[PDB]
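Read the single chain below, which is given as structure tokens and is the form deposited in one PDB entry.
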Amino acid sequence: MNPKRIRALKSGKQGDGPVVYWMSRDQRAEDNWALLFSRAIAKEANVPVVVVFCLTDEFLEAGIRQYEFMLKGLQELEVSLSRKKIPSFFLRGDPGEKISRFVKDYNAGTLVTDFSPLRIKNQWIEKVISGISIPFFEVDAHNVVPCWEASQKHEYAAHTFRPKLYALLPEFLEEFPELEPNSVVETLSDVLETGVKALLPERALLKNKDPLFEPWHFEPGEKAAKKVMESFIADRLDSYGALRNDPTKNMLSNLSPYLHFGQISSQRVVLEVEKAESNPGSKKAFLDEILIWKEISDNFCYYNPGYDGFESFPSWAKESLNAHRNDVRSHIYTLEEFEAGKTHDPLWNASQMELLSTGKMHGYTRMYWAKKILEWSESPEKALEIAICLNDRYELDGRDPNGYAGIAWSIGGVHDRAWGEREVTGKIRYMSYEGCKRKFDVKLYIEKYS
């Protein structure tokens, strides 16, 4: 119940109507600070709380793989909120007009949203504040430590962000109090039915018109996310430290699609892992990625308006890449050639098949995949657009602060340091095909994804 997690977007005349939780990033009912804080305000004013989700016109920028995963979880979400006497309303259109109309139509008293540092979220908020007079609060329900409290500036390395985040852990790492039930807009299936129809022409296929995506790797919903966490801790947490860099072994947690859509709280994952009596070396490696690297991605996007642009790169990286702009590239590939996996690197290729077929590329190959796009592009800016385009289109965890921070790490050296000076790539960290062969059995990875 710590009120540091709450930030006031606008202070207006407090209405006497239902507290509206505008759910965007954290699509879950358990372990949701935004959902709990909305219920707290509802109790204090003796008024019910409601949940509103907006289905924006931007779903056509992505594929069916992301659309189905989000909506199937929401269908489970609606029934979960119903058993807590909480009605969920699902609107279709721009949030700027849809939230404003819903606020006036339903006589909203307090408006609550979850925190997301992405530009598109800031786009909606600007419109919403321009059409309401009721108070507007936001809650960081995605980070263990609130983004504005962990640091008040951009952090240039994990070395600097780790002590600030770990010092605030004894305060913000706590259990979740129960969501007490409330005291006392057509359908979901049809929206998903018409959404798939509008996206079907853009489906990814491989020659024979057979769909490339395989939807049986990660089931959606809050329930499935919990089982994945239980599976990871019981079976793969011990070997996470020593096998996380091997793409031939499914040793990863596989929590990112649930983490991105907010189907499971990262704080819940950290709480359970801390209780687990596993390999302390593997535990330290795991908490680094879900706490340091995950929450520094929000820090990167929150304190850099141009997080997806060349301007956000460190100065040493910008000048190093600028000094190698005119170096002749060994090869140049178009976006269509990158998309289809038609490069001269069978290792880079096979990473694309895993991305296209499963929607989740291995973490280690994600670094190789992004850095080779820089090596084989006309300019670093062109590689930035290609990497963002492919990641957001085909990753189930894409369109996330982790994605923009991860690409910025691979291409622009964000949260990194200078390495040996090479041509084309400059001082950016370089990952070689020969180097990967010495780290894992590349042939097994290639044969898996042909």
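Only the largest set of C-alpha atoms that superpose within 1.5 Å between the two forms is called the rigid core. One-based numbering along the sequence shown. Shifts are known only where both forms have a C-alpha.
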{"property": "Unresolved deposited residues in the interval that joins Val328 and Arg329", "result": "none"}
{"property": "Stretch with the higher entry mean CA B-factor, where the candidates are 356-364 and 193-201", "result": "193-201"}
{"property": "Stretch exceeding the other in mean C-alpha B-factor - 260-268, 241-249", "result": "241-249"}
{"property": "Residue with maximal Cα B-factor (values as given in the PDB entry) among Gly221, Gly131, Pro314, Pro215", "result": "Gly131"}
{"property": "Residue, from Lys153, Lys371, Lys294, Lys207, that the PDB entry assigns the highest Cα B-factor", "result": "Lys207"}
{"property": "Lowest, middle or highest third - CA B-factor, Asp105", "result": "highest"}
{"property": "Third of the chain's Cα B-factor distribution that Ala158 belongs to, per the entry", "result": "highest"}
{"property": "Entry-reported Cα temperature factor of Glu61, expressed as the chain third it lands in", "result": "middle"}
{"property": "Ranked against its chain, the third holding the CA B-factor of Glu423", "result": "highest"}
{"property": "Third of chain Cα B-factors occupied by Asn322", "result": "middle"}
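From this point on, the text means the form deposited in another entry, which you will not see here.
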{"query": "Position that moves between this form and the one not shown after core superposition, taken from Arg83, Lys197, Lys153, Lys275, with Cα shift of 2 Å or more", "finding": "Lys197"}
{"query": "Core superposition between this form and the one not shown, C-alpha change of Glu175 at least 2 Å", "finding": "no"}
{"query": "Residue shift check between this form and the one not shown, rigid core fit, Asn208 Cα at least 2 Å", "finding": "yes"}
{"query": "Post core alignment: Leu60 C-alpha displaced by 2 Å or more between this form and the one not shown", "finding": "yes"}
{"query": "Shift in CA distance, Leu199 and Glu339, in the other entry relative to the form shown here, given it is 3 Å or more", "finding": "farther"}
{"query": "Distance direction in the other entry for the C-alpha atoms of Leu390 and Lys209, relative to the displayed form (3 angstroms or more)", "finding": "closer"}
{"query": "Rigid-core superposition between this form and the one not shown, with residue runs of at least 3 whose C-alphas all shift by 2 Å or more", "finding": "59-61, 185-211"}
